[PDB]
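In: need a structure here:
(2 chains)
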Amino acid sequence: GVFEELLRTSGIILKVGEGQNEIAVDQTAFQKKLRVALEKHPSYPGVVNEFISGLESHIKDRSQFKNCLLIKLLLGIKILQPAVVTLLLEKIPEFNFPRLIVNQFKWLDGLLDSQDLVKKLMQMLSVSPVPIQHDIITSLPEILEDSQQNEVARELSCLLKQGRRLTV
Amino acid sequence: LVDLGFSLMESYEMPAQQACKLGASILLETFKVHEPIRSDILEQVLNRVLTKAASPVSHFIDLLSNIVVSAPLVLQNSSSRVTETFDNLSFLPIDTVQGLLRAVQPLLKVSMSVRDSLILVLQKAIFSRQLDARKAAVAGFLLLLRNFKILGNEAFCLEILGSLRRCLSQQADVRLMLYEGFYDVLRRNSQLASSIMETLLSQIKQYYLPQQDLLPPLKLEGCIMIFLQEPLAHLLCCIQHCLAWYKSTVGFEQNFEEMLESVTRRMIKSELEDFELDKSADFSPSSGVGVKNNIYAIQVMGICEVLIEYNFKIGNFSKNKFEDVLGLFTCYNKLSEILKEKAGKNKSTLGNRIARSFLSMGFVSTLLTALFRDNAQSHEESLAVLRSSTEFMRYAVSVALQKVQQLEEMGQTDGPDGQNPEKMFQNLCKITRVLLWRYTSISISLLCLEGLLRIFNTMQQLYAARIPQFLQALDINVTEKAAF
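Out: Numbers count the residues shown, from 1 in each chain, chains lettered A, B, ... in the order given. Below is the structure in question.
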């Protein structure tokens, strides 16, 4: 894969299973190498799409899914932020996997959308079961990036009015 | 004795101040005397120290700091409490958190477990979505940055650099304190200075809007929305102070000077028409457009003050820089006088005459010495043309009059070294001479009467032990010169 080829050329080698990625354990060297690889190999728009498809295929693989607990460096990229958000949204219903995902999203950095991921989380809580919805809603202080503070507050108050079974 | 002191401290809550002083003195004496009750006393006061969250505990932190500085290892023998002391530290910062951190600082620098626990609490503190108490967290972290030595593990700093920058996109009131506090830690490291300068360069470039011969570069509308979330005068003052320190210690610095030079050149090559505020009847109080223009007016004249300070350091007897300086002030008072603030029909004079200034006490001290008593052939008539600007004379001291009033009421003041009293005391010594001499030269002199009357009322009430130094600098015969 283009993502696999770029990772092998620079950054982290293709780790199998939960084993650690073959990259320097630091947010500086690993992220810089991943960014250099992403600027080199998937630089072309077609190569960019191929790398995105390869990264999605790796994420769908259970081995790299357990490895993610590289992927962290790729998600830190500005372009990879919407891709990481889409991958998380896809993996939400299909998989304490939701709890682990919520914890990872907790204390997260700036994503590519300031008023869309909150709506996605609200929709998931509306669809997701009791514990999953409660876990998603409890992450709102972390998810309340000030992008949609007041509006989400009013919507959540309305849901609470309609949410007597999950008011706590 | 310890029971007596415990009753005394609460009885203190003038007579209350005398009771508190007596209780603190007896506790310090019994700590320095009663050796075998030292651990029990420390545990009891730690239990009491975190005992009045709503009520003021300034005396508590004062006594705890005194006993800790007397016995640095007492709390080390009182272990399992360094981690415990952070139970609800981020609830009521009234300077209590700063005092607690300063008192316990030796323990942190000799206790790695305390540092790790506070690091763990830092993630919760900085990530608090609310803004009611997040100021205490960032203030404590800024103090800690100077708390740890900068000898040179450096990986500790390289990790902790980005923690506060992750919260840069915060409320304007919250964003305020880092600008004031970054200069203190910048004098403790070299690589950290480069990183902080780079981050501030990114922040200022977020609003610079580079161009040539066009609209005012400052995108004032960025912080318009009703409230504001990006103060600019404090940021620019921090920029100039950090630049000065970086230059003194020894391209971002080339970018800094070019950006500073360009914006100063852009400001003089502009007017109110260039800015969004063109007509006098443009903005009004309690108006959506009005308050927006009101905030813009508050920002822009605050910016003008900062550029005045920077060019003075650059323009060492340089008429061209003075010409830019004098022309810059013409924009400053153009907003004022007629449309000052907005208008302000209350016959009141906030901040002596103008809003809170933005000038370092060293600079205003040096500006007056250049402005008054700065007679010499070395000057290139830049002072003379500066002396020609009568309103510049009035504004020259009026800022310091606000500055001393800030030190008159509060024990600290804005600007670098403001909270350092010994550094401030020297500044207090230098300033008074030109103020008194200008009055004796023979309105403007009426300002100096206020300036003197407030400077005495400060040191007699703040620098009680430092009076002999001032009397020596006034030029133990205290009464002789005072009567003179």
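
In: what residues are up against whichever residue of chain A sits closest to chain B?
Out: Of all residues in chain A, the one sitting closest to chain B is residue A:141 (4.3 Å; C-beta to the nearest C-beta). C-beta here means a position set from N, CA and C on the backbone, and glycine is covered the same way. Shown in contact with residue A:141 (C-beta atoms under 8 Å, 6 or more residues apart in numbering or on different chains): B:128-129.

In: Next, it: secondary structure please.
Out: helix (DSSP: H, G, I helix; E, B strand; the rest coil).

In: ok, now the one 4 residues further on?
Out: Secondary structure of residue A:145, reduced to three states by three-state DSSP: coil.

In: From chain A, how far out is the residue nearest to residue B:415 when sequence neighbours are not counted?
Out: Once flanking residues are discounted, residue B:415 sits nearest to residue B:360: 4.4 Å by C-beta to C-beta, 6 or more residues apart in numbering or on different chains. For residue B:360, the distance to chain A equals 33 Å [C-beta to the nearest C-beta, to the nearest Å].

In: again, but for residue B:22
Out: 46 Å.

In: and the helix or strand containing residue B:17, what does it pack onto?
Out: Assigning secondary structure by DSSP states H and E places residue B:17 in helix B:15-33. Contacts defined by 3 or more C-beta pairs under 8 Å, 6 or more residues apart in numbering or on different chains; DSSP states H and E place helix B:15-33 against helix B:2-12, helix B:38-49, helix B:58-70.

In: a markdown table please, covering those helices and showing distance to residue A:154.
Out: Listed next are the helices and strands packed on helix B:15-33 as a markdown table, based on distance: least, C-beta to C-beta, whole Å:
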| stretch | distance to residue A:154 |
| --- | --- |
| helix B:2-12 | 46 |
| helix B:38-49 | 42 |
| helix B:58-70 | 41 |
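
In: Check the stretch 151-300 of chain B for the residue nearest chain A and tell me.
Out: residue B:166 (7.1 Å).

In: and that residue, what is it in contact with?
Out: By C-beta under 8 Å, 6+ apart, the neighbours of residue B:166 are A:109, B:126.

In: Name the residues of chain A found near chain B, please.
Out: A:107, A:109-110, A:141-142, A:144, A:146 (C-beta under 8 Å from any C-beta of the partner chain).

In: What values do phi and psi take at the residue in the stretch 351-484 of chain B that chain A sits nearest to?
Out: Proximity of the stretch 351-484 of chain B to chain A (C-beta to the nearest C-beta) peaks at residue B:356, 26.7 Å away. Main-chain torsions, residue B:356, degrees, to the nearest 10: phi -50, psi 120.

In: need the residues of chain B near chain A, please.
Out: B:123, B:127-129, B:166, B:169.

In: Can you tell me which of the residues you listed are classed as buried?
Out: residue B:127 (16 or more other C-beta atoms under 10 Å in any protein chain shown).

In: Taking the residues of chain B next to chain A, tell me the two that lie furthest apart.
Out: Greatest spatial distance among these (C-beta to C-beta): B:123 and B:169, at 16.9 Å.

In: quick one: the helices in the stretch 201-350 of chain B?
Out: Ranges of helices in the stretch 201-350 of chain B, per DSSP state H, counting those that start in this stretch, are B:233-249, B:252-268, B:288-314, B:319-335.

In: Same list, those helices, but as CSV with mean neighbour count and distance to residue B:471 please.
Out: Formatted as CSV, those follow (neighbours: other C-beta atoms under 10 Å in any protein chain shown; distance: least, C-beta to C-beta, whole Å):
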stretch, mean neighbour count, distance to residue B:471
helix B:233-249, 19, 32
helix B:252-268, 17, 41
helix B:288-314, 20, 31
helix B:319-335, 18, 35
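
In: Export these to a markdown table and append columns for distance to residue B:223.
Out: Formatted as a markdown table, the helices of the stretch 201-350 of chain B follow (distance: least, C-beta to C-beta, whole Å):
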| stretch | distance to residue B:223 |
| --- | --- |
| helix B:233-249 | 10 |
| helix B:252-268 | 16 |
| helix B:288-314 | 7 |
| helix B:319-335 | 17 |
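
In: Which stretch among these approaches residue A:66 most closely?
Out: Nearest of those to residue A:66, taken as C-beta to C-beta: helix B:252-268 at 42.4 Å.

In: what packs against the closest one?
Out: Using 3+ C-beta pairs under 8 Å, 6+ apart, helix B:252-268 is in contact with helix B:191-208, helix B:233-249, helix B:288-314, helix B:319-335.

In: And for the second one, what's in contact with it?
Out: Spelled out, it's helix B:233-249. Contacts for helix B:233-249 (C-beta under 8 Å, 6+ apart): B:176, B:179-180, B:182-183, B:186-187, B:190, B:193, B:196-197, B:200, B:203-204, B:253, B:256-257, B:260, B:299, B:302-303, B:305-307, B:309-310, B:313, B:358, B:360, B:415-416.

In: just to revisit the earlier point, next up, phi/psi of the residue of the stretch 151-300 of chain B closest to chain A, please.
Out: Torsion angles, degrees, to the nearest 10, at residue B:166: phi -60, psi -20.

In: Also the one 3 residues further on?
Out: Recorded main-chain torsions at residue B:169 are phi -80, psi 70, according to degrees, to the nearest 10.

In: how about it, what does it touch?
Out: residue A:110.

In: got the contact list for stretch B:435-455?
Out: B:352, B:368, B:372-373, B:390, B:393-394, B:397-398, B:400-401, B:404-405, B:408, B:428, B:431-432.

In: one more time with 10 Å
Out: Identification of contacts with stretch B:435-455 by C-beta atoms under 10 Å, 6 or more residues apart in numbering or on different chains yields B:352-353, B:368, B:371-373, B:390, B:393-394, B:396-398, B:400-401, B:403-405, B:407-408, B:428-429, B:431-432, B:434, B:470, B:474.

In: ok, now stretch B:11-31?
Out: B:1-2, B:4-10, B:37-38, B:41-42, B:45, B:55-56, B:58-60, B:62-64, B:66-68, B:70-71, B:74.

In: Any idea how far the helix holding residue B:17 is from the middle of the chain?
Out: Remark: helix B:15-33 is offset 31 Å from the chain centroid, using C-alpha atoms, centre = their mean, to the nearest Å.
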